[PDB]
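We've got the same protein chain twice here, in two forms, each standing alone as C-alpha cells: structure 1 and structure 2.
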Structure 1
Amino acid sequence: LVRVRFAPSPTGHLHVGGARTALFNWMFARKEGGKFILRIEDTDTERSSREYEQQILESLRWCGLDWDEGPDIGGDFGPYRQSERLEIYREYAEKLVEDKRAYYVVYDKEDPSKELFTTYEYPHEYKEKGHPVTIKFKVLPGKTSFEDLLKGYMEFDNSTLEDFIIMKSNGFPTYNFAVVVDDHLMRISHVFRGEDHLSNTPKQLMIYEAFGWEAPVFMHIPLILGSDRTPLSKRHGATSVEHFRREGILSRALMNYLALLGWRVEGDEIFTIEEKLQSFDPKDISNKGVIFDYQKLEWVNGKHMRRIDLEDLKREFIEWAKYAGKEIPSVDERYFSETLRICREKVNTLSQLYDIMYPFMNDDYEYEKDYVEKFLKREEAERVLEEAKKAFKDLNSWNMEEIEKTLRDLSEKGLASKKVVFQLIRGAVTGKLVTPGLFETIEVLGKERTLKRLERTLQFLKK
C-alpha cells in the first residue's frame, strides 16, 4: 500500500533542489517496493506551459529516476495533469459548500480589486453577468496538528489562519485544494515534499477531515539553497540539471551528491544510488537548509570519472557530445581509449575532458599564449626542439621509460632549464602548458605524430 509521488510544475526547468526531493520518493518507493507517481502541477493558468513541462521528465529520466505512473506514458489513476482534471475539482469543491464549509464569494466587476459579500448561494445572477466568483474554505477554531516524519508533532492554531479560496474565478483549483483531492483519489500512502509546504499542510488537513477522509504521512525535509541562502530556483547561478548535463557532469556523480549534501553517508561519501537502497535513511537525512556547492559537486564528479570502468566513461562522453554542440572526430577506438585513459585523471568534467584530448585527436590545435610568450619565444628554445626530434628519431623503442630517458637527458645538457625543456615539448605536442604526464603524452602520440608536432612548432617559431 506504498504510493509516493512527485508533483512538479511547468516553469522553465528543474534544479537540484527539486530533483533531490524527487530522488527521495524514488528510492523510498524502491526500498519498500511501493509505487512512484508523477503528477504535473499546472493549476496556475498564468504560468502554464508544456515545453518547460517536458524538459523536466527528460532530466529526471537522465538522473535515473523512473516512475510507475505519469503523463508521458499510461496510468489508470490518471489523467496526470492538474489541468486535465477540472471535472473533478468541480463537484468536490461544490460538496464543501453543502456542509457550509465553502461559500461562493461574489466580487465586483467595476473594480478587479473589491469584494462584495459572502453567501453559500450560487450567484447565477452575478457570475452569468461578469462578476468574478470563487470558493473559499471557512476555517473554524481549534488546533490542526499532525505527526511530521522529520519535524515531529506539528501543532497549528486554525484561529491564526482563515478562509482561503480553493477555486479560482476561472473555475480552476488553487493548490491546497488541488493537492488534497489528488493526494487521496490517487491513493498516496506517503507525501514527501519540500519544506515550504510545512505551513500548507495544516490548511490541507482541515480539508481531509472535512470530506471525512484520512490524510497520509507528511514529512518536510530541508531545502537546497543558494549563496544568499534563499530557496534555490535559477537566480542562484545555474543549478538546473539541464545545465550540469551541458557542462559535462556525469549522472551517477550528481546523484551521489544530492544524497550527500543533505542525506548523509554510512561510510565512504563517494558512491552510487544503487548501493544505497537497503541502506536508505528516510529520517537520518538533514534537518536544516543546505547551500548548493559546485566545487564539491565537480570534485565528486571528477572522481567518478576515475573509479568507473574505462569503457563506462567513454560511452557517457560520447552521449555528451550529442547533447552539446561540437562533436567528436573519427579515430581508432584503441588509440582513443589510451588518450581517454591519460586525460581522465586531470579533468573533473566532460567538457574539460574534451577540451584536453582535442590535441590527441585533431592536429590543427593552436598554441596558448603562455607557452609561446613564456617558453617558445625564448631565443634558446629552438635548439632544444632540435635534438627533441633527433634523439626521438633514433629511439627504436617508444615507451614511457624510453621517452623519459631522453627528456631528462636534455634538461641536463646545457640546452635549457629543467621545466623549460619539458614545457617546450609539452606545448609542442599539445599546445597547452597543462596536460597529462609528458611521458604518457609523447608515448600515446606514437612516434610519427610526435615528430610532426615537433616540426610544426619549429616552423612556427619564426613568428
Structure 2
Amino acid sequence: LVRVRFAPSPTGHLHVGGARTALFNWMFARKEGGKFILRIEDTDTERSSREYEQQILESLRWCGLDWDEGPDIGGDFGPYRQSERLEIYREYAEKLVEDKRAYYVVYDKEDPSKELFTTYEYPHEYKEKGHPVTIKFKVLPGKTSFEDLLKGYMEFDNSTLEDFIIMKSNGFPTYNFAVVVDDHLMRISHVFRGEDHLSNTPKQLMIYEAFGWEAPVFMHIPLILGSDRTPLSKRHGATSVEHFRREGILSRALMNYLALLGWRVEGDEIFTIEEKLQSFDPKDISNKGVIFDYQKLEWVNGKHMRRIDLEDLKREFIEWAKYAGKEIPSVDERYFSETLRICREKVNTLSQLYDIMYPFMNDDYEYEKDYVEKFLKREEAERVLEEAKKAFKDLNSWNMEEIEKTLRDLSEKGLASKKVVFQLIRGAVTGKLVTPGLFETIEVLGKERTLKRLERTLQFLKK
C-alpha cells in the first residue's frame, strides 16, 4: 500500500519549497491510489505553534493538496503531532537499549556538560536526584547505503559517525529518531522530501536497521533556489504560499509553476495539476535545484486568468477580494462579467485586476495625482468636460462609433489636442491615466455613468 507524507515543522508559514515537496507527494499518492499523510513535526517547543500549524494546513488546502490522515481529521496511525507522541519515542528508544543497540548516558548535575558514565541499566538513582540522562545510539562498523530515486546510489562509512543521542535529557527525541519511528509506525512506503535532508539519511537507515525494520523508498527533491543558487529566501523576494495568494496568484497557477520548475514538459507549459496527475512520474522531476523566477510565475498566472472561463475568473476574483479584506460591492452580473472580460486582458494578478476593476465597480474611485496635475488643471479642462457631457447626453445610440466620434469632435473643433481630450475623459470616468480601451470603457460604463462621472469630475475641478 502506497503511503507518503508531508512532515512540516510548524515554525512558520508554508514555504513554496514546502508546497512543491507536498505537491509531488500528493500527486504520487493520488496517481498510485495511495494515501497522503500529514505529520506535524512540532517537537521544537520554542519555535512551533498551533498558529503556524493552522497557517500551514490552510495553505496546503488552498494549494489543493488535501490529505488522507492528519492532526485535524485523524486516522489509524496517529497521533499526528510529534509533540503528542513522546511516550512512543520513549518506548521505542527503550527497545533499543534493551536490545543493546543504545545506552543511557548520565551527566553531572552541577555541571551538565560533564559525562559521568554510560550504562544499559536505567539509572534510577541519578534520575531521582536530578541528573541529566540521555540515550545514545551505538553505531556499528560497516557500510550504510541506499538508492535514492533522484540522487542515485548513496554509500556511507559507519566508522565516520560517533555514537549519537536519540533521546534528549528533557524527554524529547532528536529529529532523526522521531522521523524514523514515525515513518515506520505510520507505515510510510515512500519518503519524498527536500534535498536538505539527504545527509540525515544514513543515520536514519542505521536506526531502521537497529530495529530490524525495512526502510522505505527515498527520494530527495532538489531545493527551490534564488537567482544566486542559494535556497530561496526572503532576500530573494516572496517565499510563502500565503504571500503569492495575497498578491493574487491563482492556486492552480502557482501549482502549475511549482510543477513546471525544471521540467521540460512536453506540450503546453500552461497546465493544471489535475490533468498531469495520471501520467505523473517521480523521475520526470529534475535532479538539480530549480531557480524561482517571479516574473515567469506572474506570466503563468496571466495565462490562466485569460484562459479560464470568465465566471471561473469571477469566482477566483470574488474569493480573493474577500480573503484580502476588500470584497467586491454588489453589482449586475452581466456588467460584472463584461468589465472582467475587458479588464483581464491587461493584468496578470488578481490584485492588479482589483485595481483596474475598482473604478468600474465603485463610483467613489479616486483621481490619480498625475491626472489632476497634468490634465484636470489645464485651462481648457473645464470646457472639454462640459462639451463632452453635452454631446454624450445628446447621443441616442451608445455604440463605439458614436463614442469615438464624440471624442474626435472635441479635438477637431479645437477645444484641446487629441491627447488632452483622451486623457481628460479617461481620468474623468476612471480616475486613471492608464486603462483598457477608452471606447470600450465608455461603452460598458454606459451613458448614465458616463454623464454622472463627467459631472462629478467637473464639480471636483471647481474645488
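One-based numbering along structure 1's sequence throughout. For the two forms, the rigid core is made up of the largest set of C-alpha atoms that agree within 1.5 Å on superposition.
Annotation: the position in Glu58, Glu412, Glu32, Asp66 displaced by at least 2 Å at CA between the two structures, with the core superposed, corresponds to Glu412. Comparing the forms between the two structures, the C-alpha position of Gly237 differs by 2 angstroms or more, with the core used for superposition. Once both forms are overlaid on the rigid core, the distance between the two CA positions of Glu87 between the two structures is under 2 angstroms. Core-superposed comparison between the two structures: the CA of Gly212 stays below a 2 Å shift. With the core fitted, the CA of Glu402 sits 4.2 Å away from its counterpart between the two structures. After superposition on the rigid core, the Cα atom of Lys136 is displaced by 1.4 Å between the two structures. On the core-superposed pair, the CA position of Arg426 changes by 2.6 Å between the two structures.
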